[PDB]
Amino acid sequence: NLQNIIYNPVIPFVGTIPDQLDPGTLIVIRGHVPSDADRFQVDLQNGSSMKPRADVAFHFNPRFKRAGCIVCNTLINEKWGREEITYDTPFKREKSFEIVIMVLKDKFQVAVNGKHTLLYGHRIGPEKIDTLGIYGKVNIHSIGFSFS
């Protein structure tokens, strides 16, 4: 029902993904936003190079300034594509969360706490994702996977 569970990873976290992100796969991330968070991001990456920065197939970036939002994008050759902004964000400072990223054939479907949050169409074949990055101001209790 969940495997390869990592507990209380230090952030910034970079970790190799166990198996392939095929349709049906779930990535489950449970955590808590620190009272002073400005933003954090979950990146599904092709590799872990820092300079040059590895490509990010799916950058999921809750931001907490202003009214707060979530920005989703794809980084290729150190350049960002078209941003998809979601203004209805379930993330709050000092509040805990469960993020479920479901890999569908055509898109990612993201729900927080069991409620649908956003969709993001595949720009890179998800089969090429091999690394999970979590950066910014966030406390992660656990990361887990349920493949296929």
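Think of the rigid core as the biggest set of C-alphas that the two forms share within 1.5 Å after superposition. Quick note: we count residues from 1 along the sequence shown, nothing fancier.
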Stretch with greater C-alpha deviation in 6 other deposited structures of this protein, 5 to 13 versus 122 to 130 (rigid core superposition):
5 to 13
Judged by RMS Cα deviation after a rigid core fit in 6 other deposited structures of this protein, the more variable of 47 to 55 and 86 to 94 is 47 to 55
Decide which of the stretches 1 to 9 and 138 to 146 has the higher mean C-alpha B-factor, going by the entry.
1 to 9
Residue stretch of maximal mean CA temperature factor, 61 to 69 vs 81 to 89
61 to 69
Per the coordinate record, which of the options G121, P52, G31, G114 holds the highest CA temperature factor?
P52
Classify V110 as lowest, middle or highest third according to the C-alpha B-factor given in the PDB entry, relative to its own chain.
lowest
Going by what the PDB entry lists, where does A37 fall on CA B-factor within its chain: lowest, middle or highest third?
highest
Give the position of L21 by CA B-factor within its chain, expressed as the lowest, middle or highest third.
highest
Hey, what third does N46 fall into on Cα B-factor, ranked over its chain?
highest
For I27, return the chain-relative third of its C-alpha B-factor as stated in the PDB record: lowest, middle or highest.
middle
